[PDB]
Amino acid sequence: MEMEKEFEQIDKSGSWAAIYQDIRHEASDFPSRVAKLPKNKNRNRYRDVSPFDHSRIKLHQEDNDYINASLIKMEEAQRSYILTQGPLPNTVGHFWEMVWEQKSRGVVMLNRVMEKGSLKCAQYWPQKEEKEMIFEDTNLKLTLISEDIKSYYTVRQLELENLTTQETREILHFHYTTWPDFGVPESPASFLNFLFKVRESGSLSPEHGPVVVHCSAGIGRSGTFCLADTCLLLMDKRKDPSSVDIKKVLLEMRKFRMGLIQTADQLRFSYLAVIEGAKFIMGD
Ligand SMILES: CCc1ccc(C(=O)NCc2cnn(C)c2)s1
């Protein structure tokens, strides 16, 4: 069923809450036993958001391999994403270790450091060229190379140095800065264009490790980003683009990380983004 028609049918009937609860009921439940070990309590931002054991990212160290991060592997779309929480003061070194070990080119940030008067994630990248950051626990150095500030997003070029081998890599930081403190954006235009800029960069392409995507919990806004990207890629690839079922793509993604899409308004916004993305790209 053409999703644009499915959309108007749900909107006219006002059933968004009912569709959303059906997804919550059918979603996968897998064990998260490593996340719940007492040694990992200060590595988790939220008690109710944990990576599944089968899909968690492992840090390459013998001490403690745990980070709150999941590999989402979309077999038919041929795309992989790492979805993670906003780093905590004691996990900023783990975060950059993961970026290094997984060979990621891009980090996608969908939140502000402060929202609703509270801290949503650590200040985990340098704000001035001449004031670099060193992560002594993981032996990494991070330098700001350049910054491009636009109305709806900022792109940063960063240099990450493995202090152990003196290898360096360029990491691109894509920071969507205008998601509102309350609700979802009214139009999905700035969002869909932001994704276009990430795609243009090569950060999502198979010659690199998976993109790292985060918000505060790494399930809501982060969920919206990967769901929209995968659905638009499948509409490009298939003979019948009307066959793409956004509810079935979201349940597939929920096999790899719990809770993706946190509200009925985020579900509606995801539909709007894919539709508007579709109608915009199909011919243009
Ligand atoms: C209603 C106005 C819109 C703004 C953004 C839209 C989108 O979905 N993608 C952006 C974009 C740019 N270039 N390509 C290929 C995609 S639609």
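Keep in mind that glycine also has a Cβ here, set from the backbone N, Cα and C atoms.
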Worksheet item: Can you tell which of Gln123, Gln127, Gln262 Swiss-Prot lists as binding substrate with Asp181, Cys215, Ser216, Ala217, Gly218, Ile219, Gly220, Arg221?
Response: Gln262
Worksheet entry | Swiss-Prot annotation, phosphoserine - which of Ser50, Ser205 | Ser50
Discussion item. Annotation phosphotyrosine per Swiss-Prot: which of the candidates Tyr20, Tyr271 has it?
Written reply: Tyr20
Worksheet item: To which of the recorded positions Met1, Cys215 does the lowest count of other Cβ atoms within 10 Å belong?
Response: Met1
